[PDB]
Amino acid sequence: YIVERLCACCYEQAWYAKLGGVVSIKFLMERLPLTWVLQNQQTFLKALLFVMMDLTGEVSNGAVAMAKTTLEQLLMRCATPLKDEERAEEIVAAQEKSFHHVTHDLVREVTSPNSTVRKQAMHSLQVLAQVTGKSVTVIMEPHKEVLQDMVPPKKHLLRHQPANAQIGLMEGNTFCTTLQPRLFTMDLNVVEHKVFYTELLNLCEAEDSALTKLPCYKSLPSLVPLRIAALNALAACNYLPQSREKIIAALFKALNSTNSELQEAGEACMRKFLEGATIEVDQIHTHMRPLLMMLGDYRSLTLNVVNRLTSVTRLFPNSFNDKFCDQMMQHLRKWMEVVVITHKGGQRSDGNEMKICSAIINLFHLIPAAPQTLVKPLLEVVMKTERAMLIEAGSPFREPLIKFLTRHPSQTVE
């Protein structure tokens with residue numbers, strides 16, 4: 001009755017009721033013995049995860065972090081292997097049964113449409129596989145019966161599912177297909193996987209003007225998380241030779257865009273994609289061609305294009321050459337002259353004041369093709385700008401310049 005009434009507080013509406021319920025659960029699992037907390041771990045987990053499922057979308061006072069910490073403690077407690085001095089026929093059986101049930105419910109809630117509970121379940125599975133000294137797959141291999149119809153959409157026309165459910169399915173597919181050994185192999189041969197891959201490609205490659213026509217996406221405020229999830233799911237399929245060019249094309253299209261958050265998501269997915277696949281300089285040039293071929297005019301530069309340059313350089317150091325370094329130095333000199341002119345004019349702040357020059361300078365320390373000779377012209381232009389603006393302490397060019405100078409200490413100090 002104690003556990004019933006106390007964990008029942010987790011189902012009340014108010015947030016303080018949930019907080020008291022989780023506090024009582026923590027007290028019960030910390031003070032009382034192991035043999036008893038195991039058989040109640042099912043109800044404890046259910047209640048303390050329903051707390052999260054219900055508190056999403058409303059103000060709360062640290063209840064989410066407290067619930068996450070309590071979940072971590074309960075999982076590392078009940079999952080801890082029993083030492084030989086305490087192993088017995090009843091405690092071992094109770095632990096095994098509680099572990100089975102908890103893992104079953106966790107794999108069930110993994111594909112839930114809520115993001116917070118899904119991330120919490122993923123972290124719990126990871127830490128549980130870490131503690132038990134086993135892989136996540138072998139632990140989920142018996143439990144994948146629940147996800148036989150979840151990871152494969154069964155050609156359910158995901159376009160009919162809501163945006164949050166779609167994002168949840170994408171994240172579940174990414175998690176289940178990115179373990180040490182993959183639980184489900186997206187062979188891209190059955191009609192189900194084929195339809196799923198085609199939907200992923202059309203979602204991550206189409207345009208917003210046509211993508212917003214769907215009713216499921218008509219009410220979305222940003223539509224960026226959906227594209228991010230689509231890119232993440234598409235990168236997890238780096239085991240299909242005959243169907244790899246489209247993945248690279250989509251990842252590069254996402255790596256060259258006029259948005260910052262999506263550019264970062266695309267570069268992250270590419271870095272994750274390169275862990276299993278490889279890309280030769282041929283297709284690198286083929287895909288970055290529209291990114292280049294426009295730098296001829298220094299005015300064409302901007303924060304987005306320099307960020308894309310930085311990303312493609314960080315992902316492929318051997319892609320750029322010394323000629324590109326000289327062109328970048330010329331563009332930097334031009335932009336520094338423009339900045340000096342604008343500062344002498346003293347009209348008003350703009351969006352091309354310092355960030356562009358800082359990014360262009362940082363580009364050098366990431367390109368290994370940058371020669372030692374580039375230190376002197378860069379220092380000269382930096383000194384010219386500093387003494388034209390008379391900004392010494394607040395100069396934002398110090399950090400990237402020092403980052404580059406550290407690459408050639410011999411020439412620098414000389």
# chains A, B, ... in the order shown; residues from 1 in each chain; ligands from 1
call {"tool": "residues_around", "arguments": {"residues": "residue 104 (chain A)", "least_positions_apart": "6", "cutoff": "9 Å", "atoms": "only C-alpha atoms", "output": "PyMOL selection string"}}
result
chain A and resi 140+143-144+146
call {"tool": "write_last_selection", "arguments": {"atoms": "C-alpha atoms", "output": "mmCIF file, in the first residue's frame"}}
result
data_model
loop_
_atom_site.group_PDB
_atom_site.id
_atom_site.type_symbol
_atom_site.label_atom_id
_atom_site.label_comp_id
_atom_site.auth_asym_id
_atom_site.auth_seq_id
_atom_site.Cartn_x
_atom_site.Cartn_y
_atom_site.Cartn_z
ATOM 1 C CA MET A 140 18.108 -5.824 -26.928
ATOM 2 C CA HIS A 143 13.631 -7.729 -26.866
ATOM 3 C CA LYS A 144 13.594 -6.639 -30.529
ATOM 4 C CA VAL A 146 8.633 -5.239 -29.882
#
call {"tool": "residues_around", "arguments": {"residues": "residue 232 (chain A)", "least_positions_apart": "4", "cutoff": "12 Å", "atoms": "only C-alpha atoms", "output": "MDAnalysis selection string"}}
result
chainID A and resid 167 169:175 177:178 200:201 203:204 225:228 236:238 247 250:251 254 262 264:273
call {"tool": "atom_distance", "arguments": {"atom1": "CA of residue 207 (chain A)", "atom2": "CA of residue 113 (chain A)"}}
result
24.7 Å
call {"tool": "atom_distance", "arguments": {"atom1": "CA of residue 396 (chain A)", "atom2": "CA of residue 358 (chain A)"}}
result
6.9 Å
call {"tool": "closest_residue", "arguments": {"among": "A:402, A:71, A:28, A:378", "to": "residue 45 (chain A)", "atoms": "only C-alpha atoms"}}
result
A:71
call {"tool": "closest_residue", "arguments": {"among": "A:349, A:166, A:132, A:116", "to": "residue 96 (chain A)", "atoms": "only C-alpha atoms"}}
result
A:132
call {"tool": "closest_residue", "arguments": {"among": "A:150, A:91, A:288, A:75", "to": "residue 128 (chain A)", "atoms": "only C-alpha atoms"}}
result
A:75
call {"tool": "select_by_dssp", "arguments": {"residues": "region 154-268 of chain A", "states": "helix (DSSP H, G or I)", "output": "VMD selection string"}}
result
chain A and resid 158 to 160 163 to 176 191 to 205 208 to 211 215 to 218 224 to 235 241 to 243 245 to 255 260 to 268
